[PDB]
>>> print(open('structure.cif').read())   # mmCIF, C-alpha atoms
data_model
#
loop_
_atom_site.label_atom_id
_atom_site.label_comp_id
_atom_site.auth_asym_id
_atom_site.auth_seq_id
_atom_site.Cartn_x
_atom_site.Cartn_y
_atom_site.Cartn_z
CA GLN Y 201 79.13 91.42 79.74
CA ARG Y 202 77.42 94.66 78.70
CA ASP Y 203 79.05 94.47 75.27
CA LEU Y 204 77.87 90.88 74.89
CA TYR Y 205 74.41 92.11 75.86
CA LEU Y 206 74.25 95.05 73.46
CA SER Y 207 75.52 92.89 70.60
CA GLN Y 208 72.33 90.91 71.38
CA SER Y 209 69.81 93.76 71.49
CA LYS Y 210 67.11 91.40 70.28
CA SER Y 211 67.03 87.77 71.49
CA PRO Y 212 66.81 88.55 75.24
CA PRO Y 213 68.10 89.07 77.96
CA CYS Y 214 68.44 92.59 76.42
CA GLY Y 215 65.46 91.83 74.16
CA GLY Y 216 62.02 90.33 74.58
CA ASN Y 217 60.32 91.58 77.75
CA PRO Y 218 63.12 92.20 80.27
CA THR Y 219 62.44 92.52 83.96
CA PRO Y 220 62.75 96.23 84.87
CA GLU Y 221 66.13 96.13 86.63
CA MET Y 222 67.68 94.18 83.76
CA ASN Y 223 66.29 96.82 81.42
CA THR Y 224 68.15 99.40 83.52
CA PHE Y 225 71.24 97.19 83.23
CA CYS Y 226 71.00 97.08 79.42
CA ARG Y 227 70.55 100.85 79.65
CA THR Y 228 73.33 101.52 82.13
CA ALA Y 229 76.92 101.90 80.98
CA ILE Y 230 79.71 101.00 83.39
CA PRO Y 231 81.47 103.81 85.30
CA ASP Y 232 85.15 103.84 86.14
CA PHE Y 233 85.60 102.64 89.72
CA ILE Y 234 89.21 103.72 90.32
CA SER Y 235 88.23 107.35 89.73
CA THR Y 236 85.67 107.17 92.56
CA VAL Y 237 87.85 105.87 95.41
CA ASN Y 238 89.51 108.86 97.07
CA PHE Y 239 90.41 108.96 100.76
CA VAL Y 240 91.19 112.66 101.25
CA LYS Y 241 87.70 113.92 100.39
CA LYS Y 242 86.14 111.19 102.51
CA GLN Y 243 88.40 112.31 105.36
CA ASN Y 244 87.23 115.92 104.97
CA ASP Y 245 83.63 114.69 104.97
CA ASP Y 246 84.19 112.70 108.17
CA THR Y 247 85.91 115.45 110.16
CA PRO Y 248 83.67 118.35 111.23
CA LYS Y 249 84.32 121.67 109.55
CA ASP Y 250 84.75 123.12 113.03
CA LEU Y 251 88.16 122.14 114.39
CA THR Y 252 87.88 122.96 118.11
CA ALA Y 253 85.68 119.85 118.34
CA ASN Y 254 87.18 116.40 118.86
CA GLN Y 255 87.95 114.73 115.54
CA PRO Y 256 86.50 111.28 114.80
CA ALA Y 257 88.83 108.57 116.05
CA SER Y 258 88.54 106.23 113.05
CA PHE Y 259 87.77 106.53 109.34
CA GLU Y 260 86.30 103.69 107.28
CA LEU Y 261 86.36 103.92 103.49
CA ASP Y 262 84.90 101.03 101.53
CA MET Y 263 85.73 100.51 97.88
CA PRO Y 264 84.18 100.64 95.30
CA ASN Y 265 83.06 104.19 96.14
CA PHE Y 266 79.84 105.64 94.78
CA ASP Y 267 77.39 108.48 95.21
CA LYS Y 268 73.89 107.86 96.53
CA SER Y 269 72.17 108.42 93.17
CA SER Y 270 74.41 105.82 91.54
CA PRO Y 271 72.64 102.49 90.87
CA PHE Y 272 75.91 100.77 91.84
CA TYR Y 273 75.68 101.87 95.48
CA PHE Y 274 75.19 98.31 96.72
CA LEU Y 275 78.46 97.36 95.02
CA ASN Y 276 80.10 99.58 97.67
CA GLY Y 277 82.49 97.40 99.67
CA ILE Y 278 82.65 94.44 97.28
CA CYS Y 279 86.45 94.59 96.88
CA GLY Y 280 87.42 94.91 100.54
CA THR Y 281 87.36 97.86 102.90
CA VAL Y 282 90.08 99.99 104.49
CA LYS Y 283 90.31 101.83 107.81
CA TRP Y 284 92.68 104.33 109.38
CA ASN Y 285 92.58 106.20 112.67
CA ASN Y 286 93.26 109.88 113.31
CA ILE Y 287 96.35 111.67 114.59
CA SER Y 288 96.35 112.18 118.38
CA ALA Y 289 97.45 115.83 117.92
CA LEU Y 290 93.84 117.06 118.15
CA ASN Y 291 91.92 114.69 120.42
CA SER Y 292 94.06 115.89 123.32
CA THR Y 293 93.56 119.40 124.69
CA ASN Y 294 95.15 121.72 122.14
CA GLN Y 295 94.15 125.22 121.05
CA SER Y 296 93.26 125.15 117.36
CA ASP Y 297 91.38 127.70 115.26
CA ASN Y 298 91.08 128.35 111.54
CA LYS Y 299 90.72 132.12 111.99
CA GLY Y 300 94.48 132.71 112.23
CA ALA C 776 95.49 124.04 98.98
CA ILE C 777 95.13 121.87 95.88
CA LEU C 778 93.52 119.25 98.13
CA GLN C 779 90.20 121.10 97.95
CA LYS C 780 90.52 121.54 94.18
CA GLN C 781 90.88 117.76 93.80
CA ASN C 782 87.92 117.58 96.18
CA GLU C 783 85.74 119.63 93.85
CA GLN C 784 87.03 117.70 90.82
CA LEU C 785 85.75 114.41 92.19
CA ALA C 786 82.61 116.21 93.37
CA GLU C 787 82.13 117.44 89.79
CA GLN C 788 82.68 113.92 88.50
CA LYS C 789 80.15 112.57 91.01
CA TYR C 790 77.43 115.08 90.13
CA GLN C 791 78.04 114.39 86.42
CA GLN C 792 75.78 111.39 85.58
CA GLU C 793 72.73 113.12 84.06
CA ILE C 794 74.81 113.35 80.89
CA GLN C 795 75.48 109.61 80.74
CA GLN C 796 71.94 108.58 81.66
CA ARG C 797 70.28 110.58 78.90
CA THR C 798 73.15 109.48 76.66
CA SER C 799 72.29 105.80 77.16
CA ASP C 800 68.60 106.63 76.75
CA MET C 801 68.98 108.22 73.38
CA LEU C 802 71.36 105.57 72.08
CA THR C 803 68.56 103.09 72.71
CA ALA C 804 66.17 105.39 70.86
CA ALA C 805 68.66 106.26 68.13
CA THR C 806 69.58 102.74 67.02
CA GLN C 807 65.88 102.03 66.56
CA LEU C 808 65.70 105.18 64.42
CA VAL C 809 68.70 103.91 62.43
CA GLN C 810 67.02 100.56 61.86
CA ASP C 811 63.68 101.96 60.74
CA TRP C 812 65.28 104.29 58.25
CA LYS C 813 67.48 101.44 56.99
CA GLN C 814 64.25 99.57 56.26
CA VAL C 815 63.16 99.48 52.61
CA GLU C 816 59.81 97.95 51.68
CA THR C 817 60.00 96.24 48.31
CA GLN C 818 57.56 97.07 45.51
CA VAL C 819 54.70 94.71 44.67
CA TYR C 820 53.15 93.87 41.30
CA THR C 821 49.49 93.00 40.80
CA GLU C 822 48.85 91.69 37.30
CA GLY C 823 45.23 92.18 36.31
CA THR C 824 42.97 89.26 35.48
CA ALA Z 767 109.34 123.65 110.44
CA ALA Z 768 109.12 125.28 107.01
CA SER Z 769 109.36 122.17 104.83
CA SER Z 770 106.17 120.21 105.58
CA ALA Z 771 103.62 121.80 103.23
CA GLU Z 772 105.37 122.46 99.91
CA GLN Z 773 106.30 118.84 99.19
CA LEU Z 774 102.81 117.56 99.95
CA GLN Z 775 101.20 120.17 97.71
CA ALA Z 776 103.70 119.05 95.09
CA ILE Z 777 102.91 115.36 95.46
CA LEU Z 778 99.14 115.77 95.44
CA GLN Z 779 99.44 117.89 92.30
CA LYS Z 780 101.54 115.06 90.81
CA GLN Z 781 98.80 112.55 91.57
CA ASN Z 782 96.29 114.91 89.96
CA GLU Z 783 98.25 115.29 86.73
CA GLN Z 784 99.04 111.59 86.44
CA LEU Z 785 95.41 110.59 86.90
CA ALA Z 786 94.39 113.16 84.28
CA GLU Z 787 96.96 111.65 81.90
CA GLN Z 788 95.69 108.18 82.77
CA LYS Z 789 92.08 109.04 81.85
CA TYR Z 790 93.12 110.74 78.62
CA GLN Z 791 95.06 107.58 77.81
CA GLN Z 792 92.39 104.95 78.23
CA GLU Z 793 89.58 106.95 76.65
CA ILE Z 794 91.81 106.95 73.58
CA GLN Z 795 91.79 103.14 73.66
CA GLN Z 796 88.12 102.90 74.62
CA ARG Z 797 86.84 104.89 71.66
CA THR Z 798 89.40 102.97 69.62
CA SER Z 799 87.50 99.81 70.57
CA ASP Z 800 84.08 101.25 69.68
CA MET Z 801 85.26 102.18 66.23
CA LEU Z 802 87.20 99.06 65.56
CA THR Z 803 83.70 97.69 66.01
CA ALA Z 804 82.64 100.27 63.41
CA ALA Z 805 85.60 99.61 61.06
CA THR Z 806 85.13 95.84 60.91
CA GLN Z 807 81.44 96.10 60.02
CA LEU Z 808 82.28 98.63 57.32
CA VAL Z 809 84.92 96.40 55.72
CA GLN Z 810 82.53 93.43 55.70
CA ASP Z 811 80.05 95.69 53.92
CA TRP Z 812 82.63 96.64 51.27
CA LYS Z 813 83.79 93.07 50.60
CA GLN Z 814 80.19 92.11 49.75
CA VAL Z 815 79.26 91.83 46.07
CA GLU Z 816 75.81 90.62 45.04
CA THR Z 817 75.82 88.38 41.97
CA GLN Z 818 73.95 89.72 38.96
CA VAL Z 819 70.75 87.95 37.95
CA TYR Z 820 69.38 86.86 34.57
CA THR Z 821 65.64 87.03 33.86
CA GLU Z 822 64.86 85.21 30.59
CA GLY Z 823 61.82 86.25 28.59
CA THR Z 824 58.87 84.10 27.58
CA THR P 168 43.52 81.52 56.83
CA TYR P 169 44.52 77.85 56.96
CA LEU P 170 46.28 75.33 54.74
CA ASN P 171 44.56 72.96 52.31
CA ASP P 172 45.52 69.52 53.67
CA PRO P 173 44.58 68.18 57.13
CA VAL P 174 47.62 65.91 57.42
CA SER P 175 49.93 68.83 56.70
CA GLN P 176 47.91 70.79 59.26
CA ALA P 177 48.93 68.15 61.79
CA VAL P 178 52.55 68.33 60.61
CA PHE P 179 52.63 72.13 60.78
CA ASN P 180 51.07 71.99 64.24
CA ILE P 181 53.83 69.67 65.45
CA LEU P 182 56.38 71.96 63.81
CA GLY P 183 55.03 75.31 64.98
CA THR P 184 52.93 75.11 68.15
CA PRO P 185 54.96 77.37 70.45
CA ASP P 186 55.72 77.13 74.16
CA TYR P 187 54.49 79.19 77.11
CA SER P 188 57.90 80.81 77.53
CA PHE P 189 57.05 82.99 74.51
CA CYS P 190 53.81 84.24 76.09
CA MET P 191 56.08 84.67 79.10
CA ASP P 192 58.68 87.20 80.11
CA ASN P 193 62.42 86.53 79.83
CA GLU P 194 62.90 85.29 83.41
CA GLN P 195 59.73 83.13 83.55
CA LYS P 196 57.70 85.13 86.07
CA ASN P 197 54.63 86.71 84.39
CA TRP P 198 52.86 86.83 81.03
CA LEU P 199 52.28 89.70 78.66
CA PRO P 200 48.70 91.00 78.85
CA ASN P 201 48.45 90.18 75.12
CA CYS P 202 49.47 86.90 73.48
CA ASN P 203 47.84 86.59 70.06
CA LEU P 204 50.16 83.67 69.29
CA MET P 205 48.53 80.25 69.65
CA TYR P 206 50.54 77.86 71.84
CA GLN P 207 50.42 74.36 73.28
CA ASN P 208 48.81 74.93 76.67
#
>>> encode(input="structure.cif", output="structure tokens")
Amino acid sequence: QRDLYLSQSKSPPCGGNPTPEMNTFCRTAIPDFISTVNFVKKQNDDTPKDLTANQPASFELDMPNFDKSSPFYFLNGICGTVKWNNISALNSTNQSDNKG
Amino acid sequence: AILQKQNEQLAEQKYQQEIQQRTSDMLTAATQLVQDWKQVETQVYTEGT
Amino acid sequence: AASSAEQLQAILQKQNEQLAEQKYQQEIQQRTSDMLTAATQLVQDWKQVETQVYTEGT
Amino acid sequence: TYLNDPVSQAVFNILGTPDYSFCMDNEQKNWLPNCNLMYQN
């Protein structure tokens, strides 16, 4: 669609007097979505850096994945969404420290 | 180990859009520059009375 | 109890190298598409020949 | 300036009196502050 648009620079939609968001669309190239979806980093973000605390029970990653500055943030979750819980080895009482 | 390296790779990818935004910007500017140097205004003759 | 880390470091480093290879691969084809778009326009320019013009005097 | 024959003025008006969508934006929501082009409305 973007190629069809840029081949038609004049003769709007990409020409004439576009509405601002469609100007940003003509401006904005398409990122690669399969490079953004990564569950391990999202896991690390969910779990607290401190480990003696109780880990979150569930983890919800929606794909596509995007950063907040990305204009495609509302696309997040268009292609389904995936969940997984944690391992019960930490929620129960168990000594755990990263010092040693 | 290499988990956190992959972490910072995708972090580096996800802080890396200033490049592409100004990229797209100056393509839009540049093609207009290409067009207005490709322009050639043809000479005109005025034959006196 | 001494076999649970090495294989997973191995396999995550596999997924890293294969995704790196995968990106290298399709950027090859992507720029290939942009400059097929270039190549075709160039060849249409070359096949053009403007017919000469006669301008007979008074 | 204008043409030299009133009937051909009428013809050229039928042929080239533009629409509001050209004083308009692409999505038909608001006009440009400037429309020097003469159109039907």
>>> atom_distance(input="structure.cif", atom1="CA of residue 262 (chain Y)", atom2="CA of residue 785 (chain Z)")
20.4 Å
>>> interface_residues(input="structure.cif", of="chain Z", to="chain Y", cutoff="12 Å", atoms="all atoms listed in the file", output="MDAnalysis selection string")
chainID Z and resid 778 781:782 785:786 788:789 792:793 796 799:800 803
>>> resolve_selection(input="structure.cif", expression="the PyMOL selection byres ((chain Y and resi 291-300) around 8)", output="list in words")
residues 251, 252, 254, 255, 287, 288, 289 and 290 of chain Y
>>> write_last_selection(input="structure.cif", atoms="C-alpha atoms", output="PDB file, in the frame of the given file")
ATOM      1  CA  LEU Y 251      88.160 122.140 114.390  1.00  0.00           C
ATOM      2  CA  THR Y 252      87.880 122.960 118.110  1.00  0.00           C
ATOM      3  CA  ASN Y 254      87.180 116.400 118.860  1.00  0.00           C
ATOM      4  CA  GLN Y 255      87.950 114.730 115.540  1.00  0.00           C
ATOM      5  CA  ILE Y 287      96.350 111.670 114.590  1.00  0.00           C
ATOM      6  CA  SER Y 288      96.350 112.180 118.380  1.00  0.00           C
ATOM      7  CA  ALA Y 289      97.450 115.830 117.920  1.00  0.00           C
ATOM      8  CA  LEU Y 290      93.840 117.060 118.150  1.00  0.00           C
TER       9      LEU Y 290
END
>>> residues_around(input="structure.cif", residues="region 786-789 of chain C", least_positions_apart="4", cutoff="10 Å", atoms="all atoms listed in the file", output="number ranges by chain")
Y: 235-236, 241, 266-270; C: 780-782
>>> residues_around(input="structure.cif", residues="residue 245 (chain Y)", least_positions_apart="3", cutoff="12 Å", atoms="all atoms listed in the file", output="JSON, numbers by chain")
{"Y": [238, 239, 240, 241, 242, 248, 249, 250, 255, 256, 259, 260, 261], "C": [779, 782, 786]}
>>> atom_distance(input="structure.cif", atom1="CA of residue 804 (chain Z)", atom2="CA of residue 212 (chain Y)")
23.0 Å
>>> interface_residues(input="structure.cif", of="chain C", to="chain Y", cutoff="12 Å", atoms="all atoms listed in the file", output="JSON, numbers by chain")
{"C": [777, 778, 779, 780, 781, 782, 783, 784, 785, 786, 787, 788, 789, 790, 791, 792, 793, 794, 795, 796, 797, 798, 799, 800, 801, 802, 803, 804, 806, 807]}
>>> residues_around(input="structure.cif", residues="residue 183 (chain P)", least_positions_apart="5", cutoff="10 Å", atoms="only C-alpha atoms", output="PyMOL selection string")
chain P and resi 177-178+205-207
>>> build_atoms(input="structure.cif", residues="region 174-205 of chain P", atoms="N, CA and C atoms", output="short mmCIF file (atom, residue, chain, number, x, y, z; two decimals), in the coordinates of the input")
data_model
loop_
_atom_site.label_atom_id
_atom_site.label_comp_id
_atom_site.auth_asym_id
_atom_site.auth_seq_id
_atom_site.Cartn_x
_atom_site.Cartn_y
_atom_site.Cartn_z
N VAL P 174 46.41 66.57 56.94
CA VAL P 174 47.62 65.91 57.42
C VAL P 174 48.75 66.92 57.56
N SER P 175 48.91 67.80 56.57
CA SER P 175 49.93 68.83 56.70
C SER P 175 49.56 69.86 57.76
N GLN P 176 48.26 70.03 58.06
CA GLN P 176 47.91 70.79 59.26
C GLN P 176 48.49 70.15 60.50
N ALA P 177 48.35 68.83 60.63
CA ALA P 177 48.93 68.15 61.79
C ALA P 177 50.44 68.34 61.82
N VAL P 178 51.10 68.18 60.67
CA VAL P 178 52.55 68.33 60.61
C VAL P 178 52.96 69.74 61.03
N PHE P 179 52.27 70.75 60.51
CA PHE P 179 52.63 72.13 60.78
C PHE P 179 52.29 72.50 62.22
N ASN P 180 51.32 71.81 62.82
CA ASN P 180 51.07 71.99 64.24
C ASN P 180 52.21 71.42 65.08
N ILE P 181 52.67 70.21 64.74
CA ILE P 181 53.83 69.67 65.45
C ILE P 181 55.03 70.58 65.28
N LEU P 182 55.19 71.16 64.09
CA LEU P 182 56.38 71.96 63.81
C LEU P 182 56.31 73.32 64.49
N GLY P 183 55.13 73.93 64.56
CA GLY P 183 55.03 75.31 64.98
C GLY P 183 54.00 75.64 66.04
N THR P 184 53.80 74.77 67.03
CA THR P 184 52.93 75.11 68.15
C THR P 184 53.79 75.57 69.32
N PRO P 185 53.93 76.87 69.55
CA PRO P 185 54.96 77.37 70.45
C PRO P 185 54.73 77.01 71.92
N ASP P 186 55.71 77.41 72.73
CA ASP P 186 55.72 77.13 74.16
C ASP P 186 55.20 78.33 74.95
N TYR P 187 54.95 78.10 76.24
CA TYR P 187 54.49 79.19 77.11
C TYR P 187 55.56 80.23 77.36
N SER P 188 56.84 79.86 77.23
CA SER P 188 57.90 80.81 77.53
C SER P 188 57.88 81.98 76.55
N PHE P 189 57.16 81.86 75.43
CA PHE P 189 57.05 82.99 74.51
C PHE P 189 55.85 83.89 74.81
N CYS P 190 54.83 83.38 75.50
CA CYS P 190 53.81 84.24 76.09
C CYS P 190 54.28 84.75 77.45
N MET P 191 55.53 84.50 77.77
CA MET P 191 56.08 84.67 79.10
C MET P 191 57.06 85.83 79.02
N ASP P 192 57.57 86.26 80.17
CA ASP P 192 58.68 87.20 80.11
C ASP P 192 60.00 86.43 79.97
N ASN P 193 61.11 87.17 80.01
CA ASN P 193 62.42 86.53 79.83
C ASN P 193 62.77 85.60 80.98
N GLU P 194 62.48 86.02 82.22
CA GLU P 194 62.90 85.29 83.41
C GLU P 194 61.85 84.32 83.93
N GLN P 195 60.76 84.10 83.18
CA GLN P 195 59.73 83.13 83.55
C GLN P 195 59.05 83.52 84.86
N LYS P 196 58.42 84.69 84.88
CA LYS P 196 57.70 85.13 86.07
C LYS P 196 56.26 85.56 85.81
N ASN P 197 55.99 86.30 84.74
CA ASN P 197 54.63 86.71 84.39
C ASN P 197 54.45 86.83 82.88
N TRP P 198 53.19 86.79 82.45
CA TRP P 198 52.86 86.83 81.03
C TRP P 198 52.61 88.26 80.58
N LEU P 199 52.77 88.48 79.28
CA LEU P 199 52.28 89.70 78.66
C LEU P 199 50.76 89.73 78.74
N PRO P 200 50.17 90.92 78.87
CA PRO P 200 48.70 91.00 78.85
C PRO P 200 48.11 90.56 77.52
N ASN P 201 48.91 90.56 76.45
CA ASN P 201 48.45 90.18 75.12
C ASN P 201 49.36 89.09 74.57
N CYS P 202 48.76 87.95 74.22
CA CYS P 202 49.47 86.90 73.48
C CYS P 202 48.52 86.42 72.38
N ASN P 203 48.62 87.02 71.20
CA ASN P 203 47.84 86.59 70.06
C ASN P 203 48.37 85.32 69.43
N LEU P 204 49.55 84.87 69.83
CA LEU P 204 50.16 83.67 69.29
C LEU P 204 49.58 82.44 69.98
N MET P 205 49.21 81.45 69.17
CA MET P 205 48.53 80.25 69.65
C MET P 205 49.60 79.25 70.07
#
